[PDB]
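**Student:** Take a look at the following structure, please.
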Amino acid sequence: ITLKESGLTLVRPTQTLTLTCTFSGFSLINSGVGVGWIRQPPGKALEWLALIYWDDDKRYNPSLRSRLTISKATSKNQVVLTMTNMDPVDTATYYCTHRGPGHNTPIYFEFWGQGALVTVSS
Amino acid sequence: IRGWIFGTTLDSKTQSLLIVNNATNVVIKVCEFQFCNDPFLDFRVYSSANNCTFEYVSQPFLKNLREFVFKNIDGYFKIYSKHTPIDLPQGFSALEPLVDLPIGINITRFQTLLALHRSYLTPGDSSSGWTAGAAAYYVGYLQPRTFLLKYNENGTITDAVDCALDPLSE
Amino acid sequence: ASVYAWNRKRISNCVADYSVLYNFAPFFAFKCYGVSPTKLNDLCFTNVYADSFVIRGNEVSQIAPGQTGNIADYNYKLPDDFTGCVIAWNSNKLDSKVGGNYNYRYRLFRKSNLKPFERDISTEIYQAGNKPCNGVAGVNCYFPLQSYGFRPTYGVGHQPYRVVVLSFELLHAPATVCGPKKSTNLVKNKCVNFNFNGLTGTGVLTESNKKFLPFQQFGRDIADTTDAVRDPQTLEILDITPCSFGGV
Amino acid sequence: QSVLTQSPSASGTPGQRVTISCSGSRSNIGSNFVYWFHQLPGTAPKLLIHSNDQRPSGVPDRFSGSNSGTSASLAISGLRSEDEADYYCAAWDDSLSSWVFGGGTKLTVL
Amino acid sequence: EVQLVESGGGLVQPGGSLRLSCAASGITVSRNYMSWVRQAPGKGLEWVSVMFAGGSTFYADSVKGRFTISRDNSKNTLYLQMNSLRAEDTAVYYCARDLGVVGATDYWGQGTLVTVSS
Amino acid sequence: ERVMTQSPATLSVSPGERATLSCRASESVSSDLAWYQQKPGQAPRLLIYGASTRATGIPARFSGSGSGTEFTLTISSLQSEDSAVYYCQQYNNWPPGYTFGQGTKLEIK
């Protein structure tokens, strides 16, 4: 099971970031399975952005709501993330991660991507 | 001619029976669909709602004389059939058991199904109809009789004698 | 499906092996009514219906024949003359979300009880004695359906359970769904008791040389003596001869 | 209240047992499951323990987790040299309704 | 105002019977989850009984088999028959309408004291 | 059957200040709850149900909090008439079910 993000790594301020998590090994139509996003600034602690279950439960980070839109294209086995109004504080690494079922509790964040260092500057 | 319809009534008031052949397959269904005043002339379907209980599909039945015997007595509806090269011919040939279905619907009336290319379709039309090729179909009714059958060395029926036709036969 | 929106299905016209189930899961709840679970695979039925849904933890006791409750009396009820059984396995690995899985509900309010295998979907606003709060809130204007809201912090009594209910029929049955088979490996050339697909007899079986027509299964000599049979497994024709006997 | 706190340093020595703390509040650590990840410099983290006591397939045995009231602990046995990396907490916050993490510990053996 | 007022409270000799009555207004009982609660003098409360909107009722274990809730739907009222009142049953009984997860019990009854001879 | 225990039993705080009552469960109670104010002399009155939802009419001076096994009622500014008994009633099993507490006595000066 693998996930991988892709998109533009460099963008001017007041522009939008787009990211595409292409995966292999699971489908976002079964029960349990869900896909989320986790960012980490350069030299900071982890931070949760959003999550999207298999039944289309578009969870968002509240403090980060009104800016994010995450959507799935399960037929193409891909997830799309979009974030408007980028800023120099959003320079970070963005991973797309997987949440499935376990043996006595749903699993969350069992598998992570490999990141895409994104710099917002000129 | 592409199919048949059996049952105690054409309305949805009883779980009538439908058998439709096609270039691809046979489709058998039992769903009490209320039909129009006349079987629709294909424009692929004309019937009311259904409460289907059984459906089945299999390979298709396809100057060629197709012969069929339809019987439904013991809770099963049975079909026999035969396809022969070439009015009714005098040649002898036995029908072979094609299918024995377990459906127990009480069938009392029956009709045939027709179709046609680029033909209009309405629930009801007068005796004007729609154009079609020259064709014909014969119908006969069975009776309880005593038959003397002759089996050959290979297990195929080659001749038969009606025990009650004439004195010599008897 | 939800408790009040069970997914009815029929499973007939098949050689049903009721022991393929047992290799699936721990089968938390497995008890059969009207038919023994042990003697399921063999017995035959008219039509086997399957209803699948998810409930809470402490409400699994309410799914039983003739049992009253709030999921049994309000949105899913099975008869007293029920034939079949219910199978429930806790599933909160795919059903409990962090925050509350507001996808499974249960009729909490209604007017009266429902008849067995009575499924209702209506999502109107329940009355308030007088003319209700159509499309609004207030003193006691309470919707009849209520979500379970599973989360991975609920106790085991509040966890989701997946459940399948099989409804059989035994009255007037056209045997269509059951599992017999079991073909005792074949023996030849010894006077042996045989049961070929129902034809029972005794004798020595020998390789045949006669061409049965493809729709034929039996052979008879004069006076109906069953002379041959085709294997229901390899469709090979075999000759039957009564084992040797005589006077001394 | 809405952010988990970990000590930045562990500083063990080979073959010893150490613990790493994580303090929360009634709303995140006291009413949800607590996860524990592992993140190496310049690479995505990798799950170590979910649901406070369960291990994803592929994590060694020496890591154990514990939750107690409004506190969390990670216990590392058999300290070795291939483990100096970041260690993270994780929890769902009902009051904030979001995932929160801790700072991280180096754990460089001497 | 919408209310449930109760009667039947009093004193009865041990082994005797009793009947509590509950009248309502501006709200129906036939289709309403009914719940009888009681309170011993100076102590807390305890759920005594419930009747559903379809009729399937339930009672607590401490009073199971002895008390019976019923409701005169025709005239929008509730009743609870009690029997075999022993030394414990000295308490004030309240009639209530419980909604549950979407808003807990709100409208209550004035209550009725039920003590025994001794 | 989750047993709820309120605390403290008694509380004497200067008028005009806050008041804090904790009630602790032993199993899970997530948001199936309520808080009743039984002014001495008649039936209790529901103030705040679920987690923190204020029952209709109930003065805003109240605030509920907690989830799981622990809940709390908080009063903003006690007036002279706030003196009454309080009970946190759970219904985590609603049809048919409730489990009461031992009660809390609140007074003024």
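Counting begins at 1 with the first residue displayed.
Determined via electron microscopy, 3.3 Å.
Even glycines carry a Cβ here, placed using N, Cα and C.
Annotated disulfide bond per Swiss-Prot: C:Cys32-C:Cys85, C:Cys44-C:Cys178, C:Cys133-C:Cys141, C:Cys191-C:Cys243, in sequence order, evidence recorded as experimental evidence. Taken from Swiss-Prot, the feature region 'Disordered' covers C:172-194.
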**Student:** Let me spell it out: for each of the disulfide-bonded residues (C:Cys44, C:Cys85, C:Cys133), count the other Cβ atoms within 10 Å of that residue's Cβ, using every protein chain shown. Which one has the most?
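**Tutor:** Most Cβ neighbours within 10 Å: C:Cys85.
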**Student:** Quick check: in three-state DSSP terms, what is C:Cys141 (disulfide bond)?
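**Tutor:** Assignment for C:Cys141 (disulfide bond) reads coil.
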**Student:** If you count, for each of the disulfide-bonded residues C:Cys141, C:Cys178, C:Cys191, the other Cβ atoms lying within 10 Å of its Cβ, which residue has the minimum?
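**Tutor:** The disulfide-bonded residues C:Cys141, C:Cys178, C:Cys191 were compared, and C:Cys191 has the fewest Cβ atoms within 10 Å.
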**Student:** List, in sequence order, the same-chain residues at least six positions removed whose CB sits under 8 Å from that of C:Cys243 (disulfide bond)?
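**Tutor:** For C:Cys243 (disulfide bond), the qualifying residues are C:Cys191, C:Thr202, C:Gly203, C:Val204.
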**Student:** Could you state the whole-number distance in Å separating the C-alpha atoms of C:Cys32 (disulfide bond) and C:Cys44 (disulfide bond)?
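**Tutor:** Rounded to a whole number, the Cα-Cα distance is 15 Å.
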**Student:** Measure the Cβ-based neighbour count of C:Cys32 (disulfide bond), defined as the other Cβ atoms within 10 Å of its Cβ.
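**Tutor:** Taking all protein chains shown, C:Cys32 (disulfide bond) has 19 Cβ neighbours within 10 Å.
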**Student:** DSSP three-state call for C:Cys32 (disulfide bond): helix, strand or coil?
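**Tutor:** Note: C:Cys32 (disulfide bond) is in a strand by DSSP.
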**Student:** Any idea what the Cα distance is from C:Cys178 (disulfide bond) over to C:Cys85 (disulfide bond), rounded to a whole Å?
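**Tutor:** For C:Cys178 (disulfide bond) versus C:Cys85 (disulfide bond), the Cα atoms are 15 Å apart.
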**Student:** What does DSSP say about C:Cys191 (disulfide bond): helix, strand or coil?
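**Tutor:** Going by the DSSP assignment, C:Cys191 (disulfide bond) belongs to neither helix nor strand, so it counts as coil.
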**Student:** Hey, how far is C:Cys133 (disulfide bond) from C:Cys85 (disulfide bond), Cα to Cα, in Å?
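**Tutor:** That separation, Cα to Cα, works out to 41 Å.
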**Student:** What is the separation, in Å, between the Cα atoms of C:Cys85 (disulfide bond) and C:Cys141 (disulfide bond)?
**Tutor:** 37
**Student:** Whole-number Å distance between the CA of C:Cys44 (disulfide bond) and the CA of C:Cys141 (disulfide bond)?
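**Tutor:** Cα-Cα, rounded: 49 Å.
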